[PDB]
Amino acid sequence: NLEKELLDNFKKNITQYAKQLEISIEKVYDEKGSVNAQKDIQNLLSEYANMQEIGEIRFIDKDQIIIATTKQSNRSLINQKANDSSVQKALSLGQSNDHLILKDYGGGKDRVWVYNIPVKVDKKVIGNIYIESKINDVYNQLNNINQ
């Protein structure tokens, strides 16, 4: 059962980090209001994305506009619509969600775990944190030990 255990531990880890980012962003809104908070989002995103297991974090507003990213090579996405059904689901339901994707970042299609956590202020959704996490590091290690 080693595979399920390691994947669950990887996901649990990302989710506990992401929750604290969500709480952090919420506190900035509670303290500063929406106009001034929306400028402290980038630093939080970037601090969190330093973790080895996180590929990219985006913050997406209520209207599905990409506000910020931690990936400099994706600066062209800022102010575009996310056009992402999983993001729409989180925004509408106010619930987290997750799924696996294949994505080629330059080395061939890699397995990537996508987690969305909506950001709530006064119980209302204001946006969504979208995370691409490097779950292929788990699969790669399992293959290396023949499990």
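In case it trips you up, residue 1 is the first one in the sequence shown, and so on.
- Judged by mean Cα B factor in the deposited record, 32-40 ranks above the other of 32-40 and 117-125.
- If you average the C-alpha B-factors over 65-73 and over 83-91, the higher value belongs to 65-73.
- The PDB entry assigns the greatest CA B-factor among 112, 57, 60, 51 to 51.
- Per-chain ranking of the deposited C-alpha B factor places residue 1 in the highest third.
- Ranked against the other modelled residues of its chain, the C-alpha B-factor of residue 99 as given in the entry falls in the lowest third.
- Residue 140: CA B factor in the lowest third of modelled residues in this chain (values from the PDB entry).
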